[PDB]
Number of protein chains: 8
Amino acid sequence: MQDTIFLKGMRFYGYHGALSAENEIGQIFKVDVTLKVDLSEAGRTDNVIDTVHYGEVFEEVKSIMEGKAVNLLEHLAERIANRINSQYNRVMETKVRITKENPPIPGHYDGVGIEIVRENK
Amino acid sequence: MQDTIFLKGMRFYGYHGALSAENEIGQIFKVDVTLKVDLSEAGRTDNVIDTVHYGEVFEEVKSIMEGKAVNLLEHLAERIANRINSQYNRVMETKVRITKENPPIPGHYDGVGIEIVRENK
Amino acid sequence: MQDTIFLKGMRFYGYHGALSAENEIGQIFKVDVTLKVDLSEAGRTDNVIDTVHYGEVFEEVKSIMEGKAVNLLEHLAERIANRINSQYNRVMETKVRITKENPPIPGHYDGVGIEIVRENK
Amino acid sequence: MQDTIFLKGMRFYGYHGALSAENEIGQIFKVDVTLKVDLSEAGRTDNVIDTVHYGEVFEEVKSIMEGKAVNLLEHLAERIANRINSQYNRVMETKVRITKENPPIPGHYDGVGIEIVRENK
Amino acid sequence: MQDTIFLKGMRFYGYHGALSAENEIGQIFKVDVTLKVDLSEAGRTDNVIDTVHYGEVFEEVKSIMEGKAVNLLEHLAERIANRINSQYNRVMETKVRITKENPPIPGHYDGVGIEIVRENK
Amino acid sequence: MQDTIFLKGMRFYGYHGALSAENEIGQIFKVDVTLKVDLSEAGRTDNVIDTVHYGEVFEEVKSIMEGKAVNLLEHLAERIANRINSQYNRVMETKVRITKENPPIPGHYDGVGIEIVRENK
Amino acid sequence: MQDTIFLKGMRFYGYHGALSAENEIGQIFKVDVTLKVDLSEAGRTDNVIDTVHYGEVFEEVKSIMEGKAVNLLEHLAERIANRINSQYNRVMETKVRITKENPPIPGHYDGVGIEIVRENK
Amino acid sequence: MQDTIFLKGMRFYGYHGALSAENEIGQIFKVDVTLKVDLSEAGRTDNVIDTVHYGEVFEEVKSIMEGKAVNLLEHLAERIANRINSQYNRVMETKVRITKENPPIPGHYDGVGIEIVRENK
Ligand SMILES: CCOC(=O)c1cnc(N)nc1O
Ligand SMILES: CCOC(=O)c1cnc(N)nc1O
Ligand SMILES: CCOC(=O)c1cnc(N)nc1O
Ligand SMILES: CCOC(=O)c1cnc(N)nc1O
Ligand SMILES: CCOC(=O)c1cnc(N)nc1O
Ligand SMILES: CCOC(=O)c1cnc(N)nc1O
Ligand SMILES: CCOC(=O)c1cnc(N)nc1O
Ligand SMILES: CCOC(=O)c1cnc(N)nc1O
């Protein structure tokens, strides 16, 4: 099964970061979410009740990104991946990629980040 | 076999959407189509009759995207995937990705959408 | 083995095309080439003689793209893939993607094209 | 395991190159690094000590890119891949892609380069 | 007075062109329209009746761009500039820029075109 | 005097619009602000007290963009221009450009909008 | 009179440059040409004979850019500006901007260059 | 006289900023420099000695951007504008634009900054 629902380039301004000054000033976090969900039924029925609504998924990402400040991007992605899977049974697997295009790193780069893939148990 | 014919960034203005106001105002839908087709013969013969003409494929996508308003992107992709496979035997598999870069979701994101992969039976 | 040498976004102005007017006016063709080549030796020795020089590969693509006008993109890719493999033994496999970002198709799209993968026998 | 930490679009100005004039004038080198690292622990603990800090990884890439001039991009990638793996046990595999968007090649292209994948033994 | 209403990056697929083959195959035309209109009243009243509605202006551009095939971009811009001014008194001046990003010119360029500025008499 | 302080590409999600459905669903509004302010003193003294702090200016734009829903972009720009000038004496003139890159207009365009220039009396 | 005909983002690979190694290896030169030409007649008549054909202008730029190697960008622009004006009476003024997005300068920048404006005497 | 020499998109990582944490972590500063310089002589002679070499100008910007940390962007631009004019007589006027695409401002914007124009006395 290779069907997916996606949310790309989601951006939030938070204060997460392993550096004290990071959490003090904050920055923009770019988030990419890809869910593994069978869309044949919804494709045939045309009923949003037979799929996973993205608007709702965006709410879950937002609430986590713009919530309490944590240290690692790994923790935010793990909280997002765990939150989506717990709420949606149709999501067989969740993949979260978070990017800090402007971290406290003296250099020239397009961005840094992490990406995790979490199956729905 | 890893050969493919593709149509990327196709854009249509339609009125599909699970919200009444969506179908009232409409928006731009971005569509990506990738077909699994062996191109050795056409590669050797140079005869467009030995491959699948994209211009025609674009017609099938257009007619569906700019046709009656449905509810889900899943339904549009399913109608496109089913329509291409029914018409072309050389297409061993069809993959449709539809993106709503500007849905009724209060946030900042590059876009949301779905992607399905349908084999040709 | 997942090492590769690549040439991306190569652009040539040619007159290939299944339409008579296409070959009359011409257009820009964008080409992407990816070769499967083991780079450990060259990585250790630092000797360009232990790898496949891209400058030369670009010559082979250019000569084919800016050569006689054929009909299908499939034929150009097949001529490129066959030409690279015949000349380089270190290339275990060749992948050619050609894009016509502006074909004779009345619509809005980022481009259309094909992609082939040819192993080196 | 599909988790990864990444550094994209890193750019350095060096004098590497198989041509004498290349090393004389120099140019910009774009580098992409992707590490295979399990992030569950760090995802649960939120402790940067349970993951691989990118800032440090960027230091290793920088020191190599802006260090002595070598001949091949293959040598730089091999030195980077070998250096990251030797220092971090949590990195199960390292992938380095280096791009010369402006080499001594008379043509129009977005760039040329190589990419290697090195497992951590 | 430096207030303006604008429509940028409007794109239409037409068959205009000084070459017979151009009008046969067609291409995409990008259009930029900038109108000189005092927006204080509308800025104070908030009444769309005190300004020039862009949706309507887009209709006038569309009808002309996707209408009969002419020869010069100069003629299309002149027809657009003359049509907007005749219909709207609040438009003190009209500026039309049309771009053919892909004309029958064997070369590499971002595009070619013209731009005219027509006062409303 | 040609000195300026600027805020470019500011984006807010609001519900302004001359159409009932517009205000119901909302959309993203892109805002560009350019202030005419002499920066010699601040350039010599290095004292943020001798210039106009952008962070504060962004607050004024935000509060207006994400405030009550009005009808015209002209009204939002007029409220922004009037609000900045009233608060800052050093701003000799304010210029506001607002863009609706995705309005209720069935077509292909990069965006539509307005731009006003208001001197500080 | 504010009418203009333009050629943007023209790119040529040449060997011009004040450094010996520059002329040895070469690089891409980006050229922007803007001509001041009254387009009312051509706008009314629709006769390409009443305007300045860009295809021809592109030929003049190309022949100069891809011709003998000079030292300064100033010399190339001066040769282009002088060549266009000498050939076309309808061009009341010529403006040439040349950019070296990748010169022999150790740093990070989008590009460097010059721009000249030459009236037609 | 409308001739100019330019340096666009220059980027440096510094620690300037009115906030203590800003100077602690640092960020990327984008700089645009435009000099008013007559290029006819250099255009005729082709002698780099008859113009202002950009490589040198880039050195002056770099040394200032990557030098001691100041508070305001206004101070950096004023130091750059004053430094260029003092060293080059042919520069009749200097214009410096500095952008902080990622300041300590909780929002979504492409960037903020200032721009000054300083004549050479
Ligand atoms: C300096 C702040 O660093 C981080 O937040 C961080 C570093 N490395 C990794 N892997 N994750 C992080 O969140
Ligand atoms: C509010 C409209 O929503 C949709 O159209 C929609 C939502 N979720 C999914 N998965 N598909 C849709 O088409
Ligand atoms: C109208 C010209 O069409 C083509 O050249 C063409 C169409 N389809 C495919 N698959 N390849 C082509 O080259
Ligand atoms: C002319 C310089 O060429 C190179 O540096 C080079 C060429 N080919 C490959 N595969 N690697 C290189 O580094
Ligand atoms: C070959 C087609 O050319 C044109 O259409 C054309 C050329 N030059 C100018 N100035 N305008 C045109 O429309
Ligand atoms: C359909 C909504 O239209 C508008 O909001 C609108 C139209 N025209 C102008 N000039 N301004 C607007 O805000
Ligand atoms: C090192 C090569 O430099 C140049 O070619 C050059 C430098 N400065 C100016 N103003 N023009 C040039 O062409
Ligand atoms: C919070 C840091 O702010 C600044 O550095 C700053 C603010 N406003 C202006 N006009 N210039 C600055 O440098």
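Remarks
- Any chance F:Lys36 is facing another protein chain (nearest Cβ under 7 Å) and closer than 20 Å to F:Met92 by Cα: no
- Qualifying residues in segment A:77-112 (those that are small (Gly, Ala, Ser) and in contact with a strand residue (DSSP E or B) (Cβ under 6 Å, 6 or more places away or on another chain)) - the one farthest from A:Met65 (Cα to Cα): A:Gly111
- Selection status of H:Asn71, under 22 Å from H:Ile25 (Cβ atoms), polar (S, T, N, Q) and touching a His at 6+ places or on another chain (Cβ under 8 Å): yes
- Taking the criterion of being among the aliphatic types (A, V, I, L, M), within 14 Å of chain A (Cβ to nearest Cβ) and closer than 19 Å to H:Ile114 by Cα, the residues of segment H:23-33 that qualify are H:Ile28, H:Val31.
- Residue in segment F:64-77 that is within 16 Å of ligand 8 (Cβ to nearest atom), touching a residue at least 40 places away in the same chain (Cβ under 8 Å) and either part of a helix (DSSP H, G or I) or aromatic (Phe, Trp, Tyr) (or both) present: no
- Residue in segment A:83-105 that is surrounded by fewer than 22 Cβ atoms within 10 Å (Cβ to Cβ), without any contact (Cβ under 8 Å) to a residue 12 or more places away in the chain and under 22 Å from B:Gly111 (Cβ atoms) present: no
- Which numbered condition C:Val91 fails, given (1) in contact with a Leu (Cβ under 6 Å, 6 or more places away or on another chain); (2) in a loop (DSSP other than H, G, I, E, B); (3) within 10 Å of chain D (Cβ to nearest Cβ): (3)
- Residue list for segment E:10-58, filter: touching a strand residue (DSSP E or B) at 6+ places or on another chain (Cβ under 6 Å), within 19 Å of F:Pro104 (Cβ to Cβ) and either free of Cβ contacts under 8 Å to residues at least 24 places away in the same chain or not hydrophobic (A, V, I, L, M, F, W, C) (or both): E:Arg11, E:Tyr54
- Filtered residues of segment C:30-61 (kept if among the basic types (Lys, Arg) and buried (at least 19 other Cβ atoms within 10 Å of the Cβ)): C:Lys30
- Only one of D:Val52, D:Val117, D:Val112, D:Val96 that is more than 13 Å from chain C (Cβ to nearest Cβ), more than 16 Å from ligand 8 (Cβ to nearest atom) and either more than 23 Å from C:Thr45 (Cβ to Cβ) or not basic (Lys, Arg) (or both): D:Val52
- Condition met for F:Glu115 (surrounded by 18 or more Cβ atoms within 10 Å (Cβ to Cβ), within 11 Å of the chain's Cα centre (by Cα) and assigned to a strand (DSSP E or B)): yes
- Residues in segment D:66-82 that are within 11 Å of the chain's Cα centre (by Cα) and more than 7 Å from chain C (Cβ to nearest Cβ) were compared, and the one that is surrounded by the most Cβ atoms within 10 Å (Cβ to Cβ) is D:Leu73.
- Residue satisfying all of: in segment A:1-22; outside any strand (DSSP E or B) and closer than 30 Å to B:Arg118 by Cα; farthest from the other protein chains (Cβ to nearest Cβ) among these: A:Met1
- Restricting G:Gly43, G:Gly55 to those that are small (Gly, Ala, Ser) and in contact with a helix residue (DSSP H, G or I) (Cβ under 8 Å, 6 or more places away or on another chain) reduces the list to G:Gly43.
- Residue match in segment G:101-112 (condition: touching a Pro at 6+ places or on another chain (Cβ under 7 Å) and more than 16 Å from ligand 1 (Cβ to nearest atom)): yes
- Of all residues in segment A:1-25, those satisfying the criterion of being more than 16 Å from ligand 2 (Cβ to nearest atom) and crowded, with 19+ Cβ neighbours inside 10 Å are A:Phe12, A:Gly14, A:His16, A:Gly17, A:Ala18, A:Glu22, A:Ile25.
- Residues that are aromatic (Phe, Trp, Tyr) and more than 16 Å from ligand 5 (Cβ to nearest atom) occur at least once in segment G:28-51.
Ideal geometry is used to build each Cβ from the backbone, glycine not excepted, and the neighbour counts take in all protein chains shown. Read-outs: derived from the displayed coordinates by stated rules, not from any lab.
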